[PDB]
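Presented as C-alpha cells, the chain that follows is alone, the form deposited in one PDB entry.
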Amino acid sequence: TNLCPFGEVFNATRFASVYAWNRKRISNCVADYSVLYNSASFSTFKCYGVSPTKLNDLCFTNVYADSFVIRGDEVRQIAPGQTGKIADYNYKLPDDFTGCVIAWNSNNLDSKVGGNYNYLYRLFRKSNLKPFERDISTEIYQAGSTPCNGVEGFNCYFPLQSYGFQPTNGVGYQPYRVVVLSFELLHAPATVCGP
C-alpha cells in the first residue's frame, strides 16, 4: 500500500535538459494510473509492448521513470527505433522497449517572455548513443576538416545547443515535459503492482 511517488516524477520542481536526462527508480510500491489516465494535461500517452487499458492490472519486476524537456515537434522521437537529434544524440530507447511515454505542454512553466535559453540538447556527436546511454560531456566537436584543439571556431562547436523557449513560439517549438516509464519484466517477484 506504499503508493509510488508519481507526484514527484510528474510534478517535480525541476526538470532536466534532455542531454542530462534524469532517471528515478520506482519499486516496492503500488502504482495507480488513475491520476495518469485522468490527466487531461497529457498530450501523449503511448505504450509499447503493453496495453494502457491493462496497466492497473499488471505487475513488473522494476520500473524506471526517465524525465526531461524537449520541444513539441520532437516528442515523436521518444519511441523505439526513432531517428533524429534527440533519438540519436540525447535519449535512445531500445529497439525492443516495453513501457509508456507520457508528454505534456509545459509552456507555462518552462517558457519566459524574451526566452528561456537554459534547456539544452546535444546537437553534435561523433556516434549515436546506445539505448539508455547518458552523455553529459562537453568537448568541442570537429565539424570541419581542421582539428579544433579544444577551441571553438567556425567549424568547431560546443556540442550542446539551447532551445529558445518563449510563449509565442508555435507548439512544435514550445517546451514539453516527458516521462518515460520502462517496464522490465524479469523472472522474479514483482515489486511494482497496480491496485
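Don't overthink the numbering: it's just position in the shown sequence, from 1. In this text, the rigid core denotes the largest set of C-alpha atoms whose superposition between the two forms falls within 1.5 Å.
Here the subject shifts to the form deposited in another entry, a form of this protein not shown in this document.
Here the two forms are overlaid on the core, and between this form and the one not shown the C-alpha of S34 is the only one among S34, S137, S127, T168 to shift by 2 Å or more. Taking the rigid core as fixed, one finds a CA shift for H187 of 2 Å or more between this form and the one not shown.
Shown in the overlay between this form and the one not shown, fitted on the rigid core, is a CA shift at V50 smaller than 2 Å.
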